[PDB]
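For reference, chains read A, B, C, D, E and F in written order, and residue numbers begin at 1 within each chain.
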Amino acid sequence: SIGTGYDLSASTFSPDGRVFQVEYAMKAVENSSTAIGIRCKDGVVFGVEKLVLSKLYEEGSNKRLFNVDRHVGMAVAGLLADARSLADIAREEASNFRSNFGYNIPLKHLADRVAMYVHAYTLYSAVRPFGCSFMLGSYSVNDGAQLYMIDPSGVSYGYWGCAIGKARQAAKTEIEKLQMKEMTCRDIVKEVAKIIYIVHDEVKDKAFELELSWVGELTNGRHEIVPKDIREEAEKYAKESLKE
Amino acid sequence: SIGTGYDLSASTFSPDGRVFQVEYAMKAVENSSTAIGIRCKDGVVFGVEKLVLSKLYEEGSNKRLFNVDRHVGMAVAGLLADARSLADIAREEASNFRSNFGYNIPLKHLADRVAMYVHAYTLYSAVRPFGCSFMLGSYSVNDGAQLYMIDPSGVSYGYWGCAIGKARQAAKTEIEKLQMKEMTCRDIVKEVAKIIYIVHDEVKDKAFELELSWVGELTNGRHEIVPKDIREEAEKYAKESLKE
Amino acid sequence: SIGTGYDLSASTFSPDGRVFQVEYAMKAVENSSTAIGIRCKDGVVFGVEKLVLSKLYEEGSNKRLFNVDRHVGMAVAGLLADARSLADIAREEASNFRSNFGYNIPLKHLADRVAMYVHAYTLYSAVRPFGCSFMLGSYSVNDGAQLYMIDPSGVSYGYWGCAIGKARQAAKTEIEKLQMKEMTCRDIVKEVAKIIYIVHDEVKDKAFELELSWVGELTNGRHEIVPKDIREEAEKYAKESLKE
Amino acid sequence: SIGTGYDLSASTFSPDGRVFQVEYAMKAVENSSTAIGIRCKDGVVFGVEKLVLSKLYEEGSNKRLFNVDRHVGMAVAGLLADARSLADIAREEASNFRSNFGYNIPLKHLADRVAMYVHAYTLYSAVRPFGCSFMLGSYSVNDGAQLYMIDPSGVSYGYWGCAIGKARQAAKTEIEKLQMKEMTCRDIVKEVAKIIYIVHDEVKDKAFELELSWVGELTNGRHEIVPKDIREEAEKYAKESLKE
Amino acid sequence: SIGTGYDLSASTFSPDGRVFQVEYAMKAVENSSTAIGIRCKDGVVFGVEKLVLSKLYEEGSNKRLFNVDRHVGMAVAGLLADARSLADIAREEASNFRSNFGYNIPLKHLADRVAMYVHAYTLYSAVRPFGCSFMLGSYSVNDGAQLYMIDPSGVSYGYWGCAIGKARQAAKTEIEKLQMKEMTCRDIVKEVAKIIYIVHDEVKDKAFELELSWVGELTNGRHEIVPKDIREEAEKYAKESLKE
Amino acid sequence: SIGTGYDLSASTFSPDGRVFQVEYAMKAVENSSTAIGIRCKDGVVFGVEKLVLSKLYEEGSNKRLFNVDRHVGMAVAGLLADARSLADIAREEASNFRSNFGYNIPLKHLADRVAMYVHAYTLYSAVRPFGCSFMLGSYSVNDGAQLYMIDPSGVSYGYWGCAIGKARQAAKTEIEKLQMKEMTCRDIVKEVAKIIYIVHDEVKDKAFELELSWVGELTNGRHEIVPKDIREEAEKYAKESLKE
């Protein structure tokens, strides 16, 4: 509890140098499950630790993945409603950005403006800043496969392999173990689902379901969801890992 | 009472990661009675636990169901006045959305914008956020039977069977028991009124009245209220359940 | 005193789920006297417990009834000045609503917009929300006799017989006793003044004067005040009740 | 051909004192058929000389009568398209005028503003002034049966019996013969259809069809079209006249 | 050549009563080929006399039919570029009109506003009025099969069978011969293509191609083009007529 | 010289039906040289009859081809300055249109809005309408190879092979001779340069230079100019034709 009076409406700084809304949003991220994203050599594919709680839900729904453009997706974590509001405002802002650019969409300045809108609600006191994270990734030809992760603190870090959520530590160690630039996207995403559901603890956390969505060379550049054969294949691949 | 100074105007985060307005609105929902909604295979029909208190009321009035379009309804719970304000603003926004679309109304982006307006009043300090919930459901042909539940935290979750209100736990277990995709809407809605008024405790809660409203194939796609023969039929069906 | 820090500017929620401005406005209503309204089968007539305090007042003045349209009246309770401001803003809004509609005025969406303006000042912090209540009632032919009661919490409940003010409990029991749909308006309003001035306690409360105003079939659809013969007749009728 | 250079864009006056656009619009009116309107003692009913040309038309369509409000109609003559534009703009202006007034709609200032909009397009040079005429008539209780005829020159003349169109001379003589204030509306409108289709010359003009629409006491104040029994009855009544 | 100085910028009237822009636009319509539209009992189907001139054209292109909504089409004649501008502005205005209405689109006030925009450019002098015609037709269930023809003079006439273009006289006689309300749409549209390409003179006019597009019961309410089997079937049907 | 007083500022119509600005712009087009465009099966490639007059010019400059997007070009004819203004305004409008659309750019509604801006300056009198023509063509994968020709009269006609300029007659006959849909783009564009410089008369017209620019499959979808080897190859191919 660092801060007495500082952390009330902490747009005002404390002499540690820690804006306590950033700790709000980060701890809210580590309250939610661990979703990662990776920038392989001919695609950018995301993955979400989706949590099964009951039978009243809907499969295919409860989706923490969100299309932004034809090949731009949004792998959210944190709080879902503000992330969907960010998805809508980023939809209109990606409309403005493929206005601005002539070719297919160059994710750099796109994610810069999206992170600008993220950090713009972080120095006032009307409502809260966005206590959620999300990952933007685009695959192209004239500019290639790009991946950028907008933190809740507005400092958008790009990655060849990223990790947000609860168990970010083991996830980022295992991402820094893998060959994030070398192999093709398909084996690497099998390894992604494999190792992330190794990281899934089945006792402290409840039941789980695979959540993943393509974009790359074999999917004709479309931001496709992972199909049911490849979904069950990655499920069996993670089960081969978890049986050991 | 998690939060000392955090939960004053809790647009500012606390280091747990829990925006305390969301707990305001959720506990306000569990203070009100339990209303559910279900997405059957040829319709989307809602249901409200309506509470009888006195004879000064009006039957047909005290309606916690609200038409939004010709086949779009709003099954509210929480606080009624802000829910009716949301009904009016969603009426103009559904006007803007059936402006935007060419066919009959595609509830997805509709409920996205409605949940955006829900979460937009959740980071300021002029007045409160909406301490109420509501369910949007549309039945169509070119896009089908769609159901979406906008939480008070702005993360609109769609469902094949949903549940909000006080006794959400037993209600969502019984919804995850039923065949929410398999049987026709009529037997399923009989089972809905049946099991929800099983869940109605007559001692801790006061007297009750059935509240339900159609839209589906037999109702010519009109968002009709359940008629008095089908109302008394579902009453007798729930009484057949409650006699056991 | 539920709420420590919550109830300062309680647009922010407390984890009970009770927006404390609603308790401000409701307790302010139960501080003021008990005024009721009833929707009989060929009219909508209001009634106010008017309190005699001194001889410096003016009879015909101190009116807690307010015309809104030619057949739309406003039976206020709570605080009078904000209720008159609501009367003025509802005058311009009823102007906008009989702009919008072609026939005589359909009170439903009218009272919806009025209750929207009521609840719109309930989530900010510049000045207070409206700590007062009022009843809207319209009698027509193409749409009939309609009655709607806008609470201070913005959830406008319609009634066939309503009751607001201090002694709402005994008043609403006696309204749920009477035949609010069956007899003609004239005998029912005699019973209204009768039973409401039975409910008037002459010891704890000070002296009283009858306040009532017609609209119905015999008054040519005009929102007339109750005339002096019918006023003294209802006074004598309540005295016949109170002599027992 | 009075005017050499004057009548080019005759917003500029000629020293006769005749704005030649008024002669454009009047001669355009006398090019179209003769439609009259009459203000009887408990209604205001219009009538149009409708011209049958071929079988490709639609009966009930080709309507030169236009509803403006629930009891306000528009009996047009001249050019039909600008008259329908005047019908639309008068629809929004009647919306603004039943905004302004509290009771049912007082046609006087309504037709004043409509004639103001008529004459407002008569001193410029972008497009033409309205080369058409129309009759406004309202029947009420608090203000009664009112009839007003807006000329194309903007000087709205009210009438107890009016006449516009081609054979205005014989029509206005026969209107000044009849009892426009004395008898009930039904016999008078039978006499209207009678004498106007006496005035219809079947050789110089082509085939004809009766066009008439009620508003009055028997029609519950609704601006109804004349029903088929009363239509064929007035046809037979005019045939009884024309057989002589 | 009626009018010396009048017909220069003929927003100013001449004392005949004939706005010479209406003669511009009508003679421009009779310069273009004859396209008709008909309102059969379960659909509204259009037809265009398309003129084959060379092999450099594109079949399926040179389309004088234009979709406005999912079941609203635009059968143009006159000048094509201003008709496509009217198609675009009517696209945004139909967006505004299915904003305004709750059910499927009621063509009446739609075509009223479109004809208002037609006549609005007819009294100024910046550029020309629209020297082209078009036909709007909608098929529905709650409001049915509606057909409306907006003339270039802004007086939108609805029809059960219409005809615009060059040989309007023989076309409208043959439309007033046929059973425009009685038979099903399919045989009637075969008769439409039959008789209209009887009316096509192959000597004075050059080569022709069938142009027709459905909307009705068998086409699932979609404004479909006539398929190639039904196109060649109607070609052979017109050839069976023309062989006699 | 059809029209006495009509053709002064001919936004006003003449009773022939010929807006004389369209004849201004068309005769201005036939004053300039003949440029064609063709929609082959895997590309849309343009071609301009460029006229050599002196040595003071610049090769690569005097370009009557204009890039609009990465694969959208503009083959102009008529007057060059207004065509470059149309190129700039179409650049911003194509920015607005690839705002609006999600995939690569769908030329249909693009050219519709561009032709709307063309025809929008054709009914006023401040400055002239655009006395020039231009051809828009886009090659894609999700929507394909599209070609559209915006006339100066605003009626944008799409083509599989088009022709504008001076000798449009022989050019369009030879385009309707060729296989505009069958062969690959490369041989067809060789035939284009071949036959168009057959059509070039070297006596009445002065010296000429080849002007052509690709977009298609071999050019990686880039709107490339024809390279110097393929330029001189098409020159030699046209010389092989012209030697006969």
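Basically, contacts are C-beta pairs under 8 Å (C-beta built on N, C-alpha and C of every residue); 3 or more make two chains touch, one makes a residue touch a chain.
K.L.:
Looking at chain pairs C-D and A-B, which one is connected by more C-beta pairs in contact?
P.N.:
A-B
K.L.:
Which one, A-B, B-E or A-F, has the same contacts as D-E for more than half of its contact pairs?
P.N.:
Going through A-B, B-E or A-F one by one, only A-B repeats the D-E interface.
K.L.:
Would you kindly tell me how far, in whole Å, the mean C-alpha position of subunit F lies from that of subunit E?
P.N.:
Here subunit E and subunit F have centroids separated by 30 Å.
K.L.:
Whole-Å distance, subunit C centre to subunit E centre, using C-alpha means?
P.N.:
Distance between chain centres: 58 Å.
K.L.:
Considering subunit F alone, which of its residues make contact with at least two other chains?
P.N.:
none
K.L.:
Residues of subunit C touching subunit B in their complex?
P.N.:
5-6, 8-19, 112-113, 115-116, 118-126, 129, 151, 153-163, 172-173, 175-177, 180
K.L.:
Spell out the part of subunit B that touches subunit E in their complex, as residue ranges.
P.N.:
69-70, 95-96, 98-100, 102-104
K.L.:
Write out the stretch or stretches of subunit E touching subunit F in their complex.
P.N.:
Counting only subunit E, the residues touching subunit F are 1, 5, 7-10, 20-21, 23-25, 27-31, 54-58, 61-62, 79-85, 87-88, 121, 125-129, 131.
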